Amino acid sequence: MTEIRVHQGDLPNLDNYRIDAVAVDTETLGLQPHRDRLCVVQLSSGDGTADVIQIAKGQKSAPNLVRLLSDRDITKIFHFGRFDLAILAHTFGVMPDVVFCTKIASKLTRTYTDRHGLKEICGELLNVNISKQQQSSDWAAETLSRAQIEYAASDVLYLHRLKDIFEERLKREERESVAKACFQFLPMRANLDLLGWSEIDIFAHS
């Protein structure tokens, strides 16, 4: 039922992305961007479809996707964008700077819990069950499995719906300016990770 377009290297064009907000996710060979290459970028406009883009080893360029990432009129939605921003900026040399993060939004609104993972959020906010089984798999394979392609699409298909709910909660609890300042700093927090401070809360006393 869910249409998933799979691409090699880049989007063919931006026909599906003349929109004000785009959901973004990535798959990699690990959590360390200097060691673990970008393997997949996922995108959704919010219409129930997704694009899954395989990134080859040593790929330096993805003009259409990077046009989206640098377009200040388009908000990039992420879940825990701290990671996705870092590997994207590392790979293509462009740090997106108009972002919304559903993990940060959750930490500022779902104050009645300590579990802010995407699976827990989708279940509670949308009654949608996400599987994390394919997360630890070989994302650098020449041909992605059906299950990998569906996992990868599942991580962007719901971010618009989550963002809409979190914005209502941020308004209801009067934390919009707080959230906005956090989103403003998130790209620099990702840059700090790339520069060597990934283990350091830079605002902590010690």
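Heads up, when I say rigid core I mean the largest set of C-alphas that superpose within 1.5 Å between the two forms. Counting begins at 1, following the sequence as shown.
Legend entry - Core-aligned Cα RMS comparison in 4 other deposited structures of this protein - stretch that moves more, 195 to 203 or 2 to 10: Most displaced of the pair in 4 other deposited structures of this protein: 2 to 10.
Legend entry - Between the two ranges 188 to 196 and 6 to 14, the one averaging a larger CA B factor in the entry: In the deposited entry, the stretch with the higher C-alpha B-factor mean is 6 to 14.
Legend entry - 22 to 30 versus 142 to 150 - which carries the larger mean C-alpha B factor in the record: Looking at the record's C-alpha B-factors, the answer is 142 to 150.
Inset, instruction - Would you mind finding, among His90, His79, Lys76, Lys119, the residue with the largest C-alpha temperature factor in the entry? - result: Of the candidates given, the C-alpha B-factor peaks at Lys119.
Inset, instruction - Would you please rank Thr109 by its C-alpha temperature factor against the other modelled residues of its chain and give the third it falls in: lowest, middle or highest? - result: For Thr109, whose C-alpha B-factor we compare with every modelled residue in the chain, the answer is the lowest third.
Inset, instruction - Among all modelled residues of this chain, ranked by Cα B factor, put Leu159 in the bottom, middle or top third, i.e. lowest, middle or highest. - result: Middle third by C-alpha B-factor.
Inset, instruction - Can you work out whether the C-alpha temperature factor of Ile55 puts it in the lowest, middle or highest third of the chain? - result: Answer is lowest: the recorded C-alpha B-factor places it there.
Legend entry - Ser177 - which third its CA temperature factor falls in, relative to the rest of the chain: Middle third - that is where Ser177 ends up once the chain's C-alpha B-factors are sorted.
Inset, instruction - Using the B-factor values recorded in the entry, state whether the Cα atom of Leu38 falls in the lowest, middle or highest third among the modelled residues of its chain. - result: It belongs to the middle third of the chain when residues are ordered by C-alpha B-factor.
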